[PDB]
Amino acid sequence: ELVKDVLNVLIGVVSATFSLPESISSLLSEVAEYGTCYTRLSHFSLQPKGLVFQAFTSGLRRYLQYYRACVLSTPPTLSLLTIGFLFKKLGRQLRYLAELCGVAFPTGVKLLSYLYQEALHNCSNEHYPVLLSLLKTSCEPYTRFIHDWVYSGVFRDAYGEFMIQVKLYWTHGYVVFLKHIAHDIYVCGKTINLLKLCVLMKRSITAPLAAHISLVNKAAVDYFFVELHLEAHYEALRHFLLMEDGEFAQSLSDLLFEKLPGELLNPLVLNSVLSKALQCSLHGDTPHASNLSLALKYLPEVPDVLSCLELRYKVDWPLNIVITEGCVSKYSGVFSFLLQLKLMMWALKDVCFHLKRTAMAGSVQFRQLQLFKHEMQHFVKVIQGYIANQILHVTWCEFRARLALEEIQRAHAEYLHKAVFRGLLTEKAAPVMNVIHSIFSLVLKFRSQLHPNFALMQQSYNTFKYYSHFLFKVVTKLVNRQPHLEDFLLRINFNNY
């Protein structure tokens with residue numbers, strides 16, 4: 001009858017006319033060449049390189065068996081033409097699966113995403129369910145690795161199909177699905193790995209996932225405050241580095257300035273002056289109060305306004321990862337300025353005290369002399385009042401009502417950066433800082449000449465009044481081009497021009 005011959009070609013077994021009127025051969029090739037793709041699949045999807053490729057390979061055999069189930073089920077012996085028409089709406093789909101595979105071929109995520117773009121490309125048509133059932137199982141193992149960083153945190157990779165592979169401790173290199181969740185997964189895992197050492201709407205994935213991301217991060221930040229006192233370290237480093245606590249800088253700087261080369265630089269005096277300083281603090285002497293390594297960074301040789309010296313805080317592991325080893329370096333930048341400021345309010349205090357013992361001696365030469373100090377002191381006691389208003393109070397209002405895990409890195413990087421910006425240390429407003437040195441220098445010369453050389457000092461003060469009068473113009477011209485500098489005008493200029 002020949003029915004059992006054509007039907008035994010979709011299975012792959014050869015026949016009397018299938019090797020490996022008269023026009024029936026042409027209409028036979030319409031069903032024959034269908035079989036050439038069925039065999040061309042088992043030769044390609046037989047193995048049980050990549051793990052996601054195996055599942056997609058394991059998904060194909062979940063389909064062909066149905067194609068083997070449909071055949072040999074309905075027709076015992078039907079008309080010849082019935083076969084060609086019955087296997088048309090289904091046969092052409094089998095030839096479509098040849099365009100998908102080879103009969104090179106991506107692997108890993110590159111394949112799990114390539115198959116996705118085949119869905120939207122041919123969505124409305126009848127190829128939607130078959131492709132979907134493949135994608136629904138071709139991503140099954142890939143969810144498991146995603147199901148590790150979310151629940152357990154053990155990274156299980158074999159060949160690199162995962163898009164992510166494996167002091168600083170944050171060198172798990174990272175670089176389709178919605179990127180709104182991609183970068184979040186990368187951080188939703190590193191937190192767990194850090195606590196261990198201490199229509200195509202994708203709703204079936206994010207919904208069981210986003211519910212767990214917010215609980216981890218909230219428990220991660222809460223882990224820091226209520227147990228490791230992150231809120232304390234900030235409000236403690238400010239007590240020591242930014243010199244917020246009086247009776248400490250006025251005891252440290254006051255000690256060092258008593259000396260001024262080979263002395264004052266061995267670790268016997270400068271590494272001990274701190275342990276004498278902390279006792280006069282009336283605040284501290286806690287586990288926080290330690291780790292104040294008063295270390296130096298230069299070996300100078302020999303009237304100026306510079307004494308290079310550093311003061312570094314020290315931290316331990318679960319806090320080292322937040323407070324960057326670069327941020328503390330910038331505290332050292334803002335510190336050497338603030339210490340340099342105290343050198344004025346002590347040297348200027350000296351001449352105010354050095355002159356006190358001189359007092360009978362009342363003449364025009366005397367009173368006209370002392371009014372210089374009153375005219376120079378008021379300037380420094382103004383620029384200091386500015387610093388003690390921006391870098392310690394208002395920039396601290398932010399970053400204190402701002403906090404209440406990635407954000408902690410940026411919020412801190414924004415707190416200090418505003419402190420060095422309002423501090424006239426940025427290179428943008430550098431000329432405003434350069435002129436300050438001319439002011440500070442002249443006060444030191446005024447300290448050297450503690451009336452044998454009055455006129456030598458009278459010329460010095462006149463140079464001071466010129467430079468100060470020059471500052472009022474260079475800062476004003478820098479307003480048309482910084483709302484931070486605005487408050488300086490109201491500070492330097494008041495009831496004058």
# chains A, B, ... in the order shown; residues from 1 in each chain; ligands from 1

call {"tool": "closest_atom_pairs", "arguments": {"of": "region 382-471 of chain A", "to": "region 175-195 of chain A", "cutoff": "12 Å", "atoms": "only C-alpha atoms", "output": "CSV"}}
result
residue,atom,partner,partner_atom,distance
A:405,CA,A:191,CA,8.3
A:406,CA,A:187,CA,8.3
A:407,CA,A:187,CA,11.8

call {"tool": "residues_around", "arguments": {"residues": "residue 435 (chain A)", "least_positions_apart": "6", "cutoff": "9 Å", "atoms": "only C-alpha atoms", "output": "PyMOL selection string"}}
result
chain A and resi 467-468+470-471

call {"tool": "select_by_dssp", "arguments": {"residues": "region 247-437 of chain A", "states": "helix (DSSP H, G or I)", "output": "mmCIF file with N, CA and C atoms, in the first residue's frame"}}
result
data_model
loop_
_atom_site.group_PDB
_atom_site.id
_atom_site.type_symbol
_atom_site.label_atom_id
_atom_site.label_comp_id
_atom_site.auth_asym_id
_atom_site.auth_seq_id
_atom_site.Cartn_x
_atom_site.Cartn_y
_atom_site.Cartn_z
ATOM 1 N N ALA A 249 43.367 70.305 70.452
ATOM 2 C CA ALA A 249 44.238 71.052 69.555
ATOM 3 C C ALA A 249 44.976 72.142 70.311
ATOM 4 N N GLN A 250 44.267 72.855 71.188
ATOM 5 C CA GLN A 250 44.897 73.857 72.035
ATOM 6 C C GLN A 250 45.883 73.250 73.020
ATOM 7 N N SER A 251 45.991 71.923 73.065
ATOM 8 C CA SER A 251 47.021 71.249 73.839
ATOM 9 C C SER A 251 48.039 70.523 72.976
ATOM 10 N N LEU A 252 47.644 70.058 71.789
ATOM 11 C CA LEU A 252 48.602 69.451 70.871
ATOM 12 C C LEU A 252 49.427 70.517 70.163
ATOM 13 N N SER A 253 48.760 71.404 69.421
ATOM 14 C CA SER A 253 49.480 72.446 68.699
ATOM 15 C C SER A 253 50.271 73.325 69.654
ATOM 16 N N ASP A 254 49.718 73.592 70.837
ATOM 17 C CA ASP A 254 50.424 74.423 71.802
ATOM 18 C C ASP A 254 51.694 73.744 72.298
ATOM 19 N N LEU A 255 51.722 72.411 72.323
ATOM 20 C CA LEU A 255 52.940 71.717 72.721
ATOM 21 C C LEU A 255 53.994 71.774 71.625
ATOM 22 N N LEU A 256 53.623 71.391 70.401
ATOM 23 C CA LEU A 256 54.589 71.374 69.309
ATOM 24 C C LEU A 256 55.193 72.751 69.081
ATOM 25 N N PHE A 257 54.372 73.798 69.147
ATOM 26 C CA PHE A 257 54.873 75.137 68.871
ATOM 27 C C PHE A 257 55.807 75.657 69.955
ATOM 28 N N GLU A 258 55.906 74.975 71.097
ATOM 29 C CA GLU A 258 56.852 75.408 72.119
ATOM 30 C C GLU A 258 58.289 75.188 71.670
ATOM 31 N N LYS A 259 58.525 74.157 70.860
ATOM 32 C CA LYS A 259 59.890 73.819 70.470
ATOM 33 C C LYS A 259 60.440 74.825 69.465
ATOM 34 N N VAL A 273 54.197 62.783 72.342
ATOM 35 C CA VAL A 273 53.447 64.002 72.623
ATOM 36 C C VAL A 273 51.952 63.758 72.489
ATOM 37 N N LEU A 274 51.555 62.805 71.645
ATOM 38 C CA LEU A 274 50.139 62.482 71.527
ATOM 39 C C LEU A 274 49.621 61.821 72.796
ATOM 40 N N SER A 275 50.343 60.821 73.306
ATOM 41 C CA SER A 275 49.919 60.156 74.533
ATOM 42 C C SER A 275 49.892 61.110 75.715
ATOM 43 N N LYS A 276 50.607 62.231 75.629
ATOM 44 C CA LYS A 276 50.444 63.285 76.618
ATOM 45 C C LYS A 276 49.285 64.204 76.261
ATOM 46 N N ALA A 277 48.949 64.298 74.974
ATOM 47 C CA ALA A 277 47.880 65.196 74.554
ATOM 48 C C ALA A 277 46.513 64.649 74.941
ATOM 49 N N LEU A 278 46.288 63.352 74.718
ATOM 50 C CA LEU A 278 44.967 62.777 74.948
ATOM 51 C C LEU A 278 44.527 62.914 76.398
ATOM 52 N N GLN A 279 45.475 62.953 77.335
ATOM 53 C CA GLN A 279 45.105 63.053 78.741
ATOM 54 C C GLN A 279 44.462 64.395 79.061
ATOM 55 N N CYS A 280 44.863 65.456 78.367
ATOM 56 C CA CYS A 280 44.315 66.785 78.596
ATOM 57 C C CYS A 280 43.089 67.063 77.735
ATOM 58 N N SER A 281 42.462 66.026 77.183
ATOM 59 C CA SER A 281 41.343 66.230 76.274
ATOM 60 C C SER A 281 40.016 66.421 76.992
ATOM 61 N N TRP A 317 38.601 45.480 60.066
ATOM 62 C CA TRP A 317 38.082 44.866 58.846
ATOM 63 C C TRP A 317 36.653 45.286 58.499
ATOM 64 N N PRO A 318 35.628 44.960 59.298
ATOM 65 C CA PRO A 318 34.253 45.256 58.858
ATOM 66 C C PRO A 318 33.958 46.740 58.712
ATOM 67 N N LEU A 319 34.876 47.619 59.112
ATOM 68 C CA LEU A 319 34.735 49.045 58.866
ATOM 69 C C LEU A 319 35.696 49.573 57.813
ATOM 70 N N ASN A 320 36.780 48.850 57.526
ATOM 71 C CA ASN A 320 37.722 49.302 56.509
ATOM 72 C C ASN A 320 37.074 49.368 55.136
ATOM 73 N N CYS A 327 39.749 58.215 51.364
ATOM 74 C CA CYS A 327 39.054 59.298 52.049
ATOM 75 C C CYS A 327 39.864 59.817 53.228
ATOM 76 N N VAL A 328 40.428 58.911 54.030
ATOM 77 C CA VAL A 328 41.262 59.325 55.153
ATOM 78 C C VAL A 328 42.457 60.129 54.663
ATOM 79 N N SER A 329 42.933 59.847 53.448
ATOM 80 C CA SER A 329 44.045 60.615 52.901
ATOM 81 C C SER A 329 43.668 62.073 52.675
ATOM 82 N N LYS A 330 42.392 62.350 52.404
ATOM 83 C CA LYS A 330 41.972 63.727 52.177
ATOM 84 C C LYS A 330 41.744 64.475 53.483
ATOM 85 N N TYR A 331 41.380 63.766 54.555
ATOM 86 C CA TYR A 331 41.420 64.369 55.883
ATOM 87 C C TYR A 331 42.797 64.941 56.174
ATOM 88 N N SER A 332 43.848 64.186 55.847
ATOM 89 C CA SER A 332 45.203 64.699 55.996
ATOM 90 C C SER A 332 45.413 65.961 55.172
ATOM 91 N N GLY A 333 44.708 66.090 54.048
ATOM 92 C CA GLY A 333 44.801 67.314 53.273
ATOM 93 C C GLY A 333 44.170 68.495 53.986
ATOM 94 N N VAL A 334 42.961 68.305 54.517
ATOM 95 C CA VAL A 334 42.287 69.389 55.216
ATOM 96 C C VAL A 334 42.876 69.608 56.599
ATOM 97 N N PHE A 335 43.595 68.625 57.140
ATOM 98 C CA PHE A 335 44.138 68.784 58.482
ATOM 99 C C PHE A 335 45.306 69.758 58.494
ATOM 100 N N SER A 336 46.281 69.556 57.605
ATOM 101 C CA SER A 336 47.479 70.388 57.627
ATOM 102 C C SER A 336 47.143 71.864 57.463
ATOM 103 N N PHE A 337 46.024 72.177 56.812
ATOM 104 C CA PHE A 337 45.572 73.563 56.776
ATOM 105 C C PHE A 337 45.081 74.005 58.147
ATOM 106 N N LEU A 338 44.185 73.224 58.751
ATOM 107 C CA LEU A 338 43.568 73.644 60.002
ATOM 108 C C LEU A 338 44.602 73.785 61.111
ATOM 109 N N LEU A 339 45.599 72.900 61.144
ATOM 110 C CA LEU A 339 46.681 73.062 62.107
ATOM 111 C C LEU A 339 47.459 74.339 61.837
ATOM 112 N N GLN A 340 47.754 74.610 60.564
ATOM 113 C CA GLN A 340 48.466 75.830 60.208
ATOM 114 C C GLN A 340 47.735 77.066 60.706
ATOM 115 N N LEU A 341 46.406 77.002 60.789
ATOM 116 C CA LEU A 341 45.649 78.143 61.283
ATOM 117 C C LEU A 341 45.934 78.399 62.756
ATOM 118 N N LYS A 342 45.949 77.343 63.576
ATOM 119 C CA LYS A 342 46.214 77.523 65.000
ATOM 120 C C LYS A 342 47.574 78.159 65.240
ATOM 121 N N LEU A 343 48.515 77.974 64.313
ATOM 122 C CA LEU A 343 49.834 78.573 64.476
ATOM 123 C C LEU A 343 49.748 80.090 64.530
ATOM 124 N N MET A 344 48.736 80.675 63.892
ATOM 125 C CA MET A 344 48.539 82.115 63.993
ATOM 126 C C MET A 344 48.001 82.494 65.366
ATOM 127 N N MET A 345 46.864 81.911 65.753
ATOM 128 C CA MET A 345 46.209 82.266 67.006
ATOM 129 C C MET A 345 47.052 81.954 68.235
ATOM 130 N N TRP A 346 48.191 81.282 68.079
ATOM 131 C CA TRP A 346 49.148 81.131 69.168
ATOM 132 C C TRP A 346 50.292 82.129 69.060
ATOM 133 N N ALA A 347 50.903 82.236 67.879
ATOM 134 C CA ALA A 347 51.952 83.230 67.678
ATOM 135 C C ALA A 347 51.418 84.632 67.928
ATOM 136 N N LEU A 348 50.254 84.947 67.358
ATOM 137 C CA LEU A 348 49.637 86.237 67.629
ATOM 138 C C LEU A 348 49.281 86.381 69.100
ATOM 139 N N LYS A 349 48.915 85.282 69.760
ATOM 140 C CA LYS A 349 48.698 85.343 71.199
ATOM 141 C C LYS A 349 49.999 85.607 71.938
ATOM 142 N N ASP A 350 51.123 85.149 71.387
ATOM 143 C CA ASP A 350 52.406 85.364 72.045
ATOM 144 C C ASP A 350 52.749 86.846 72.100
ATOM 145 N N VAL A 351 52.706 87.527 70.954
ATOM 146 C CA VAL A 351 53.037 88.949 70.935
ATOM 147 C C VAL A 351 52.048 89.743 71.777
ATOM 148 N N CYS A 352 50.783 89.317 71.812
ATOM 149 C CA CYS A 352 49.823 89.953 72.708
ATOM 150 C C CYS A 352 50.209 89.742 74.163
ATOM 151 N N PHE A 353 50.851 88.619 74.466
ATOM 152 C CA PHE A 353 51.375 88.365 75.800
ATOM 153 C C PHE A 353 52.806 88.856 75.959
ATOM 154 N N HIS A 354 53.603 88.797 74.889
ATOM 155 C CA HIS A 354 54.974 89.290 74.948
ATOM 156 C C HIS A 354 55.016 90.783 75.227
ATOM 157 N N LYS A 356 52.679 92.387 76.984
ATOM 158 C CA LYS A 356 52.044 92.700 78.257
ATOM 159 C C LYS A 356 53.073 93.015 79.334
ATOM 160 N N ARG A 357 54.181 92.271 79.370
ATOM 161 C CA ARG A 357 55.182 92.512 80.403
ATOM 162 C C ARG A 357 55.930 93.819 80.187
ATOM 163 N N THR A 358 55.828 94.414 78.996
ATOM 164 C CA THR A 358 56.516 95.675 78.748
ATOM 165 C C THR A 358 55.931 96.799 79.592
ATOM 166 N N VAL A 364 53.138 107.863 72.030
ATOM 167 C CA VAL A 364 52.547 107.662 70.709
ATOM 168 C C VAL A 364 53.131 106.424 70.046
ATOM 169 N N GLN A 365 54.411 106.147 70.297
ATOM 170 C CA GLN A 365 55.039 104.978 69.694
ATOM 171 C C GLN A 365 54.422 103.683 70.203
ATOM 172 N N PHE A 366 53.902 103.687 71.431
ATOM 173 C CA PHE A 366 53.370 102.460 72.010
ATOM 174 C C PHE A 366 51.950 102.179 71.529
ATOM 175 N N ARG A 367 51.031 103.123 71.744
ATOM 176 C CA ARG A 367 49.636 102.888 71.383
ATOM 177 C C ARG A 367 49.483 102.644 69.889
ATOM 178 N N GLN A 368 50.170 103.434 69.061
ATOM 179 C CA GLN A 368 50.121 103.219 67.621
ATOM 180 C C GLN A 368 50.666 101.854 67.229
ATOM 181 N N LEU A 369 51.481 101.239 68.083
ATOM 182 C CA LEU A 369 51.992 99.906 67.789
ATOM 183 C C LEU A 369 50.942 98.838 68.065
ATOM 184 N N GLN A 370 50.300 98.902 69.233
ATOM 185 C CA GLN A 370 49.409 97.823 69.642
ATOM 186 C C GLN A 370 48.158 97.754 68.777
ATOM 187 N N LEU A 371 47.718 98.884 68.221
ATOM 188 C CA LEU A 371 46.541 98.857 67.362
ATOM 189 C C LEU A 371 46.785 98.082 66.076
ATOM 190 N N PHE A 372 48.044 97.836 65.719
ATOM 191 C CA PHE A 372 48.326 96.965 64.585
ATOM 192 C C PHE A 372 47.867 95.542 64.870
ATOM 193 N N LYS A 373 48.215 95.018 66.046
ATOM 194 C CA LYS A 373 47.820 93.658 66.397
ATOM 195 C C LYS A 373 46.305 93.517 66.415
ATOM 196 N N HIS A 374 45.607 94.507 66.978
ATOM 197 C CA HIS A 374 44.150 94.477 66.967
ATOM 198 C C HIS A 374 43.607 94.503 65.547
ATOM 199 N N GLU A 375 44.326 95.139 64.624
ATOM 200 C CA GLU A 375 43.882 95.159 63.238
ATOM 201 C C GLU A 375 44.249 93.877 62.506
ATOM 202 N N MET A 376 45.284 93.173 62.960
ATOM 203 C CA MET A 376 45.655 91.909 62.340
ATOM 204 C C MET A 376 44.946 90.724 62.982
ATOM 205 N N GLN A 377 44.722 90.774 64.296
ATOM 206 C CA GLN A 377 44.033 89.678 64.967
ATOM 207 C C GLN A 377 42.613 89.523 64.451
ATOM 208 N N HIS A 378 41.906 90.639 64.271
ATOM 209 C CA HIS A 378 40.511 90.572 63.853
ATOM 210 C C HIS A 378 40.357 89.885 62.505
ATOM 211 N N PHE A 379 41.358 89.998 61.630
ATOM 212 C CA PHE A 379 41.256 89.337 60.333
ATOM 213 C C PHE A 379 41.303 87.823 60.476
ATOM 214 N N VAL A 380 42.235 87.309 61.278
ATOM 215 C CA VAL A 380 42.351 85.863 61.433
ATOM 216 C C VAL A 380 41.174 85.316 62.229
ATOM 217 N N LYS A 381 40.743 86.040 63.264
ATOM 218 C CA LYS A 381 39.567 85.626 64.018
ATOM 219 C C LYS A 381 38.285 85.718 63.204
ATOM 220 N N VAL A 382 38.348 86.228 61.979
ATOM 221 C CA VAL A 382 37.217 86.198 61.065
ATOM 222 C C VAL A 382 37.310 85.022 60.104
ATOM 223 N N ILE A 383 38.480 84.809 59.502
ATOM 224 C CA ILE A 383 38.622 83.681 58.592
ATOM 225 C C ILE A 383 38.506 82.366 59.348
ATOM 226 N N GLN A 384 38.878 82.348 60.630
ATOM 227 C CA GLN A 384 38.685 81.139 61.423
ATOM 228 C C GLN A 384 37.210 80.900 61.699
ATOM 229 N N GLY A 385 36.485 81.953 62.080
ATOM 230 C CA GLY A 385 35.057 81.819 62.300
ATOM 231 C C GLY A 385 34.312 81.342 61.071
ATOM 232 N N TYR A 386 34.846 81.627 59.882
ATOM 233 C CA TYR A 386 34.265 81.063 58.672
ATOM 234 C C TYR A 386 34.476 79.557 58.625
ATOM 235 N N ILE A 387 35.728 79.118 58.779
ATOM 236 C CA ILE A 387 36.036 77.692 58.718
ATOM 237 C C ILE A 387 35.213 76.928 59.745
ATOM 238 N N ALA A 388 35.165 77.435 60.975
ATOM 239 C CA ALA A 388 34.387 76.787 62.023
ATOM 240 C C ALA A 388 32.889 76.907 61.809
ATOM 241 N N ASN A 389 32.447 77.485 60.695
ATOM 242 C CA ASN A 389 31.035 77.514 60.355
ATOM 243 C C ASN A 389 30.679 76.617 59.187
ATOM 244 N N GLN A 390 31.599 76.409 58.248
ATOM 245 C CA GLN A 390 31.322 75.602 57.068
ATOM 246 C C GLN A 390 31.782 74.159 57.219
ATOM 247 N N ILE A 391 33.045 73.943 57.592
ATOM 248 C CA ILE A 391 33.617 72.600 57.555
ATOM 249 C C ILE A 391 33.291 71.784 58.797
ATOM 250 N N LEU A 392 32.617 72.370 59.786
ATOM 251 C CA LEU A 392 32.311 71.657 61.016
ATOM 252 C C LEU A 392 30.840 71.648 61.399
ATOM 253 N N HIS A 393 30.042 72.616 60.944
ATOM 254 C CA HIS A 393 28.657 72.724 61.389
ATOM 255 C C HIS A 393 27.653 72.508 60.266
ATOM 256 N N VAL A 394 27.730 73.263 59.169
ATOM 257 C CA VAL A 394 26.694 73.133 58.151
ATOM 258 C C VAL A 394 26.949 71.922 57.267
ATOM 259 N N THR A 395 28.210 71.651 56.921
ATOM 260 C CA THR A 395 28.492 70.431 56.177
ATOM 261 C C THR A 395 28.268 69.196 57.030
ATOM 262 N N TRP A 396 28.206 69.358 58.352
ATOM 263 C CA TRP A 396 27.858 68.267 59.245
ATOM 264 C C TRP A 396 26.360 68.151 59.469
ATOM 265 N N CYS A 397 25.598 69.220 59.235
ATOM 266 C CA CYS A 397 24.147 69.091 59.236
ATOM 267 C C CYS A 397 23.704 68.115 58.157
ATOM 268 N N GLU A 406 25.595 50.513 49.334
ATOM 269 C CA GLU A 406 26.373 51.300 48.386
ATOM 270 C C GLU A 406 26.282 52.790 48.689
ATOM 271 N N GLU A 407 25.142 53.248 49.210
ATOM 272 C CA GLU A 407 24.967 54.671 49.478
ATOM 273 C C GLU A 407 25.960 55.181 50.513
ATOM 274 N N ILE A 408 26.319 54.348 51.491
ATOM 275 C CA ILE A 408 27.244 54.781 52.535
ATOM 276 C C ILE A 408 28.575 55.198 51.926
ATOM 277 N N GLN A 409 28.998 54.516 50.862
ATOM 278 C CA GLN A 409 30.234 54.891 50.186
ATOM 279 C C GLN A 409 30.110 56.265 49.539
ATOM 280 N N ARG A 410 28.993 56.514 48.853
ATOM 281 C CA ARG A 410 28.831 57.773 48.134
ATOM 282 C C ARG A 410 28.488 58.918 49.078
ATOM 283 N N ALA A 411 27.627 58.668 50.067
ATOM 284 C CA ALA A 411 27.289 59.713 51.028
ATOM 285 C C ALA A 411 28.527 60.196 51.766
ATOM 286 N N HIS A 412 29.393 59.272 52.177
ATOM 287 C CA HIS A 412 30.648 59.676 52.796
ATOM 288 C C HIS A 412 31.541 60.399 51.800
ATOM 289 N N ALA A 413 31.607 59.904 50.564
ATOM 290 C CA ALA A 413 32.398 60.577 49.545
ATOM 291 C C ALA A 413 31.842 61.949 49.204
ATOM 292 N N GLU A 414 30.593 62.226 49.572
ATOM 293 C CA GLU A 414 30.019 63.548 49.370
ATOM 294 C C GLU A 414 30.159 64.437 50.595
ATOM 295 N N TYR A 415 30.289 63.848 51.785
ATOM 296 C CA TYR A 415 30.467 64.651 52.988
ATOM 297 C C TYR A 415 31.834 65.321 52.993
ATOM 298 N N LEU A 416 32.899 64.525 52.889
ATOM 299 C CA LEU A 416 34.242 65.093 52.892
ATOM 300 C C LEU A 416 34.457 66.007 51.697
ATOM 301 N N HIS A 417 33.971 65.604 50.522
ATOM 302 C CA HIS A 417 34.209 66.400 49.323
ATOM 303 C C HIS A 417 33.609 67.793 49.446
ATOM 304 N N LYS A 418 32.477 67.919 50.138
ATOM 305 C CA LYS A 418 31.953 69.245 50.436
ATOM 306 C C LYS A 418 32.808 69.958 51.473
ATOM 307 N N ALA A 419 33.494 69.205 52.333
ATOM 308 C CA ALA A 419 34.341 69.833 53.340
ATOM 309 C C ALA A 419 35.589 70.433 52.711
ATOM 310 N N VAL A 420 36.184 69.741 51.738
ATOM 311 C CA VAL A 420 37.347 70.297 51.058
ATOM 312 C C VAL A 420 36.944 71.353 50.037
ATOM 313 N N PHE A 421 35.684 71.357 49.600
ATOM 314 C CA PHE A 421 35.239 72.355 48.635
ATOM 315 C C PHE A 421 34.983 73.692 49.316
ATOM 316 N N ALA A 430 41.958 78.200 43.848
ATOM 317 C CA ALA A 430 43.306 78.243 44.406
ATOM 318 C C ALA A 430 43.874 79.653 44.544
ATOM 319 N N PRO A 431 43.731 80.569 43.576
ATOM 320 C CA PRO A 431 44.269 81.924 43.789
ATOM 321 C C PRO A 431 43.730 82.599 45.035
ATOM 322 N N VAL A 432 42.508 82.265 45.454
ATOM 323 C CA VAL A 432 41.996 82.787 46.715
ATOM 324 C C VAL A 432 42.816 82.256 47.879
ATOM 325 N N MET A 433 43.388 81.061 47.732
ATOM 326 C CA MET A 433 44.210 80.493 48.792
ATOM 327 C C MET A 433 45.640 81.011 48.740
ATOM 328 N N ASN A 434 46.166 81.258 47.539
ATOM 329 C CA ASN A 434 47.549 81.706 47.413
ATOM 330 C C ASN A 434 47.772 83.027 48.135
ATOM 331 N N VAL A 435 46.815 83.952 48.029
ATOM 332 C CA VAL A 435 46.967 85.253 48.664
ATOM 333 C C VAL A 435 46.922 85.140 50.184
ATOM 334 N N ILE A 436 46.319 84.077 50.718
ATOM 335 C CA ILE A 436 46.270 83.909 52.167
ATOM 336 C C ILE A 436 47.677 83.786 52.735
ATOM 337 N N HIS A 437 48.576 83.133 51.997
ATOM 338 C CA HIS A 437 49.935 82.941 52.491
ATOM 339 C C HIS A 437 50.637 84.272 52.716
#

call {"tool": "residues_around", "arguments": {"residues": "residue 38 (chain A)", "least_positions_apart": "3", "cutoff": "9 Å", "atoms": "only C-alpha atoms", "output": "list in words"}}
result
residues 10, 11, 12, 34, 35, 41, 42, 64, 94 and 95 of chain A

call {"tool": "write_last_selection", "arguments": {"atoms": "C-alpha atoms", "output": "mmCIF file, in the first residue's frame"}}
result
data_model
loop_
_atom_site.group_PDB
_atom_site.id
_atom_site.type_symbol
_atom_site.label_atom_id
_atom_site.label_comp_id
_atom_site.auth_asym_id
_atom_site.auth_seq_id
_atom_site.Cartn_x
_atom_site.Cartn_y
_atom_site.Cartn_z
ATOM 1 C CA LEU A 10 9.724 10.608 10.054
ATOM 2 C CA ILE A 11 11.155 8.041 12.471
ATOM 3 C CA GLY A 12 14.529 7.820 10.704
ATOM 4 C CA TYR A 34 11.078 16.611 6.369
ATOM 5 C CA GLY A 35 12.702 13.419 7.611
ATOM 6 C CA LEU A 41 18.479 16.630 15.158
ATOM 7 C CA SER A 42 19.274 13.404 17.021
ATOM 8 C CA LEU A 64 10.752 15.359 19.634
ATOM 9 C CA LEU A 94 9.938 21.112 11.867
ATOM 10 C CA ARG A 95 11.947 22.736 9.075
#

call {"tool": "residues_around", "arguments": {"residues": "residue 58 (chain A)", "least_positions_apart": "4", "cutoff": "8 Å", "atoms": "only C-alpha atoms", "output": "compact mmCIF listing (two decimals) with N, CA and C atoms, in the first residue's frame"}}
result
# COMPACT_ATOMS: atom_id res chain seq x y z
N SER A 45 21.52 16.61 19.04
CA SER A 45 21.05 16.78 20.41
C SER A 45 20.99 15.43 21.12
N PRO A 48 24.04 14.18 26.74
CA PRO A 48 23.27 14.63 27.90
C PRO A 48 23.63 16.05 28.29
N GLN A 54 23.29 22.23 27.76
CA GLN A 54 22.78 20.89 28.04
C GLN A 54 21.28 20.92 28.31
N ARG A 62 12.60 16.65 24.98
CA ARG A 62 11.27 16.72 25.56
C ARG A 62 10.22 17.05 24.52

call {"tool": "residues_around", "arguments": {"residues": "residue 493 (chain A)", "least_positions_apart": "4", "cutoff": "8 Å", "atoms": "only C-alpha atoms", "output": "JSON, numbers by chain"}}
result
{"A": [472, 489, 497]}

call {"tool": "write_last_selection", "arguments": {"atoms": "N, CA, C and O atoms", "output": "compact mmCIF listing (two decimals), in the first residue's frame"}}
result
# COMPACT_ATOMS: atom_id res chain seq x y z
N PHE A 472 39.87 91.70 48.91
CA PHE A 472 38.47 92.07 48.75
C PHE A 472 38.08 92.22 47.29
O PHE A 472 36.90 92.08 46.96
N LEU A 489 32.24 87.09 51.62
CA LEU A 489 32.12 88.54 51.50
C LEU A 489 31.48 89.13 52.74
O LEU A 489 31.99 90.10 53.31
N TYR A 497 34.47 99.04 53.01
CA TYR A 497 34.50 98.69 51.60
C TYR A 497 35.79 97.95 51.26
O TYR A 497 36.73 98.54 50.73

call {"tool": "residues_around", "arguments": {"residues": "residue 115 (chain A)", "least_positions_apart": "6", "cutoff": "10 Å", "atoms": "only C-alpha atoms", "output": "VMD selection string"}}
result
chain A and resid 100 106 109 131 to 132 134 to 135 138 176

call {"tool": "write_last_selection", "arguments": {"atoms": "N, CA and C atoms", "output": "short mmCIF file (atom, residue, chain, number, x, y, z; two decimals), in the first residue's frame"}}
result
data_model
loop_
_atom_site.label_atom_id
_atom_site.label_comp_id
_atom_site.auth_asym_id
_atom_site.auth_seq_id
_atom_site.Cartn_x
_atom_site.Cartn_y
_atom_site.Cartn_z
N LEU A 100 16.86 27.60 13.47
CA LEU A 100 17.24 27.96 14.83
C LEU A 100 18.61 27.40 15.18
N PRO A 106 25.94 29.95 20.07
CA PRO A 106 26.40 30.59 21.31
C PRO A 106 26.20 29.67 22.51
N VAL A 109 25.26 32.88 28.82
CA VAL A 109 24.25 33.93 28.74
C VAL A 109 24.02 34.34 27.30
N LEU A 131 8.73 27.76 21.24
CA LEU A 131 9.91 28.51 21.66
C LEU A 131 9.86 28.82 23.15
N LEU A 132 8.68 29.13 23.67
CA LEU A 132 8.57 29.49 25.08
C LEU A 132 8.92 28.30 25.96
N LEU A 134 10.86 25.96 25.38
CA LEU A 134 12.31 25.80 25.39
C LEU A 134 12.95 26.83 26.32
N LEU A 135 12.63 28.10 26.12
CA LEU A 135 13.17 29.14 26.99
C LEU A 135 12.79 28.92 28.44
N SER A 138 15.30 26.21 29.12
CA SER A 138 16.68 26.52 28.80
C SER A 138 17.30 27.49 29.80
N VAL A 176 18.00 41.69 26.15
CA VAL A 176 18.44 40.95 27.32
C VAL A 176 17.52 41.24 28.50
#
